[PDB]
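Below: one structure, written as structure tokens.
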Amino acid sequence: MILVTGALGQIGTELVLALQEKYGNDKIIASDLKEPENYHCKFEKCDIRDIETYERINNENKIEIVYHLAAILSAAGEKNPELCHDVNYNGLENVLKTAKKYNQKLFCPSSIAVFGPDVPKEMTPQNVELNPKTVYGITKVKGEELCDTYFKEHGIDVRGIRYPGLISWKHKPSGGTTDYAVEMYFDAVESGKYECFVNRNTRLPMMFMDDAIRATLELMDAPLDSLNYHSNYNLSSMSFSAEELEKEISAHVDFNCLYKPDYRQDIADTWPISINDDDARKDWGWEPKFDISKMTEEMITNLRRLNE
Ligand SMILES: NC(=O)c1ccc[n+]([C@@H]2O[C@H](COP(=O)([O-])OP(=O)(O)OC[C@H]3O[C@@H](n4cnc5c(N)ncnc54)[C@H](O)[C@@H]3O)[C@@H](O)[C@H]2O)c1
């Protein structure tokens with residue numbers, strides 16, 4: 001029995017379906033703040049900070065494995081730092097405390113946001129000092145440390161990935177900083193114009209959702225004794241600037257992109273351009289399959305369909 005928190009967000013939208021297909025619909029429970037409709041999966045509403053309800057859901061459904069995706073993201077968290085700490089840190093602590101009680105296995109993702117400007121910007125190593133300059137990054141570092149304490153001190157099998165910016169078409173993201181890449185696709189197809197909230201040179205690690213979902217499932221399936229890292233694997237696929245994405249998209253559809261930076265520039269400026277993920281590659285056989293042009297094909301084909 002598997003529970004997915006944050007089930008209705010960008011990752012959860014695709015992860016729930018992937019898990020239902022791998023394990024059976026009889027095995028999957030979804031959860032988020034507000035009940036949706038026309039929803040195929042079994043669903044239980046819960047605020048991640050409400051420990052009594054969270055625990056009830058886990059024991060009533062006999063949850064043995066939790067994929068914990070509930071969070072406030074970088075840009076929303078910069079504007080509301082108190083809420084970002086509360087949901088991200090106290091929410092995770094709730095998940096980990098419950099995992100200890102019920103002897104659960106966990107997937108608790110981190111982020112490239114753990115890194116700050118003091119470390120190498122290209123091919124950032126696994127083990128560098130973590131000095132993030134965002135509220136959200138700070139919560140992710142504290143979360144990595146808390147997760148690794150539950151593994152070492154309490155024997156909880158908790159695994160996680162420092163995801164790069166994730167690009168998908170099934171669910172448009174809306175509180176982050178890497179969001180411009182998805183927004184640029186949606187707006188290019190829907191209206192042939194986009195106003196980008198970072199400058200044209202902003203260069204960040206990116207990954208297509210298929211790859212991110214597959215990595216998550218592969219890492220969860222690995223034998224525990226093959227892993228040299230737990231909460232916080234580096235993971236890599238692509239790196240490009242905003243104008244480089246604009247150009248890739250322009251080879252498929254007419255659009256004009258205007259660049260109008262806001263506060264989210266300050267967030268992105270503090271992050272790396274690319275990530276060394278050799279440990280994932282070595283420990284559990286990670287390789288990405290989607291480069292920029294394959295990703296672009298998938299995005300445009302599916303967005304054109306959805307706009308017919
Ligand atoms: N590019 C990316 O998408 C990316 C990159 C790196 C890390 N991550 C991490 O992956 C995880 C999922 O990210 P996502 O992009 O799918 O985010 P998302 O914001 O799309 O989804 C998160 C979900 O958490 C829910 N949530 C918010 N506050 C809550 C609360 N108090 N209680 C219960 N649920 C609450 C929201 O309703 C939302 O559906 C997060 O841990 C995030 O930090 C994502």
Side-chain angles (χ1 to χ4, degrees), residues 3-16 18 30-36 39 43-51 53-54 57 66-78 80 82-95 106-115 132 134-144 146-147 158-183 204-213 215-216 219 231-238 264 267-268 271-272 275:
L3 173 76
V4 183
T5 76
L8 303 183
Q10 191 196 2
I11 300 183
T13 295
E14 315 211 28
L15 184 64
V16 172
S31 183
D32 208 298
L33 273 171
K34 291 183 198 308
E35 190 122 16
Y39 194 70
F43 184 90
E44 285 300 322
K45 89 187 270 202
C46 192
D47 188 317
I48 200 73
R49 299 166 287 184
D50 178 357
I51 187 80
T53 299
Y54 181 73
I57 291 165
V66 183
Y67 288 76
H68 175 230
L69 318 167
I72 299 304
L73 272 25
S74 59
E78 205 62 14
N80 191 344
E82 294 315 304
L83 177 72
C84 187
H85 183 265
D86 192 14
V87 169
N88 290 0
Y89 186 81
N90 299 142
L92 173 65
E93 186 156 28
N94 286 353
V95 173
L106 298 177
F107 182 73
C108 293
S110 182
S111 177
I112 60 164
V114 295
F115 299 120
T134 66
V135 178
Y136 169 78
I138 292 163
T139 67
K140 290 304 198 178
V141 171
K142 292 166 171 177
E144 291 189 5
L146 194 59
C147 282
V158 48
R159 308 181 188 189
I161 291 164
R162 294 165 173 167
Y163 293 128
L166 301 182
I167 294 167
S168 63
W169 56 268
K170 281 200 180 177
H171 176 99
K172 201 182 151 173
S174 85
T177 294
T178 53
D179 299 15
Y180 68 85
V182 175
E183 287 180 4
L204 290 172
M206 292 287 178
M207 180 180 296
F208 186 54
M209 188 63 70
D210 281 26
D211 275 336
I213 295 304
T216 301
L219 170 56
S231 65
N232 60 357
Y233 276 97
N234 278 5
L235 199 84
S236 181
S237 173
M238 289 165 290
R264 283 166 290 183
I267 290 175
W271 291 350
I275 300 302

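Positions are given from 1, in the same order as the sequence printed here. All values below were derived from every heavy atom in this structure, side-chain atoms included, with hydrogens, water molecules and symmetry-related copies excluded. In each ligand, atom 1 is the first atom listed, and ligand 1 is the first ligand listed.
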Using the six-membered ring wherever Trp is involved, compare the ring planes of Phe43 and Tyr39 and label them parallel, tilted or perpendicular (cut-offs 30° and 60°).
perpendicular
Close side-chain approach of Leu92 and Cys108, heavy atoms under 4.5 Å
yes
Does some side-chain heavy atom of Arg162 sit less than 4.5 Å from a side-chain heavy atom of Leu235?
no
Under the salt bridge (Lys or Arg N to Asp or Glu O under 4.0 Å) test, residues paired with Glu14 that sit two or more places apart
none
With sequence neighbours excluded, tell me which residues meet side-chain hydrogen bond (donor to acceptor under 3.5 Å, both in side chains) with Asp86.
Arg49
What pairs meet the side chain to side chain donor-acceptor pair (under 3.5 Å) rule with one or both residues in residues 174-183, with sequence neighbours excluded?
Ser74-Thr177, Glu183-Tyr194
What does the contact table look like for ligand 1 (nitrogen or oxygen on each side, cut-off under 3.5 Å)?
residue, atom, partner, partner atom, Å
ligand 1, 1 (N), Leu166, N, 2.9
ligand 1, 3 (O), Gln10, OE1, 3.1
ligand 1, 16 (O), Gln10, N, 3.2
ligand 1, 16 (O), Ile11, N, 2.9
ligand 1, 20 (O), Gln10, N, 2.8
ligand 1, 24 (O), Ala71, N, 3.4
ligand 1, 31 (N), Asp47, OD1, 2.9
ligand 1, 32 (N), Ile48, N, 2.9
ligand 1, 37 (O), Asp32, OD1, 2.5
ligand 1, 39 (O), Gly9, N, 3.4
ligand 1, 39 (O), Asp32, OD1, 3.4
ligand 1, 39 (O), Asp32, OD2, 2.6
ligand 1, 41 (O), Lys140, NZ, 2.9
ligand 1, 43 (O), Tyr136, OH, 2.6
ligand 1, 43 (O), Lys140, NZ, 3.0

